[PDB]
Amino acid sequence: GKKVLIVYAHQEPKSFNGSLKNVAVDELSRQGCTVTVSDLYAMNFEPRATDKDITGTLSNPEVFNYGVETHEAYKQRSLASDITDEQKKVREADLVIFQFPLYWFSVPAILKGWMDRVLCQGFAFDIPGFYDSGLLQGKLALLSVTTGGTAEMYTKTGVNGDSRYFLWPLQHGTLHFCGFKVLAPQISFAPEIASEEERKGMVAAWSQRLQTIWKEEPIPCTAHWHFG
């Protein structure tokens, strides 16, 4: 049996993102998958990387270095419980779906904070132990993104550039760095200026794709895939 974690970043249950999230829960649940949703805004999830994230005594009280102290805290089981709650979900998951609207060619800050705080050294990667040897190897990840801009604006000759250009920090710099195999992204362009039937169609496309998600091959997460 499979475990899926959906890390969901939208304020509004009736939003288009909310519908994409609900559809994923329904379809995966129907398949028999174990499903967990981290509804970040509902959780009032803390995005800031601060010394409050380490519940043990710091190694160095003269100079605070977030990466160093969370790495040591992870080894000593001294991380704040909101972080370790999310680590448990990720550790058990076979597939992690991120469901979010694009904010400034990236994830909303609350989701950026989940990346910053949850994927610490010792947990998600180590040195050595990143990219193909990252510590989340054997898991799948997939970005389900919605945009303001249209598909045609997100091409090589459109004002926004190819949509693969903005995926690079998330897919390569984050997911692949932690050792995930990355499934092709689901990009739902410009729902706000689409018709209600068009929105209906983009939702159904997602639901349909999920019916056979476990049969998909990951993408080659390389500079060539993104910029070639």
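In case it trips you up, residue 1 is the first one in the sequence shown, and so on. If you superpose the two forms and keep the largest set of C-alpha atoms that fall within 1.5 Å, you have the rigid core.
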Problem set entry | RMS Cα shift after core superposition in 9 other deposited structures of this protein, winner of 48 to 56 and 166 to 174 | 48 to 56
Seminar exercise, completed: Note: with structures superposed on the core, the stretch whose C-alphas sit farther off in 9 other deposited structures of this protein, 86 to 94 or 122 to 130, is 122 to 130
Exercise. Comparing 217 to 225 with 2 to 10, where is the mean C-alpha B-factor higher?
Worked result: 217 to 225
Exercise. Looking at the deposited entry, does 181 to 189 or 168 to 176 carry the larger mean Cα B-factor?
Worked result: 181 to 189
Seminar exercise, completed: In this crystal structure's PDB entry, the residue among 201, 56, 161, 47 with the greatest CA B factor is 201
Exercise. Of the three thirds of its chain by CA temperature factor, lowest, middle or highest, which one includes residue 157?
Worked result: highest
For this session: Place residue 151 in the lowest, middle or highest third of its chain's C-alpha B-factors, as listed in the PDB entry.
Result: highest
Exercise. When the modelled residues of the chain are sorted by Cα temperature factor, does residue 33 land in the lowest, middle or highest third?
Worked result: highest
Problem set entry | B-factor third for the C-alpha atom of residue 63 within its chain | middle
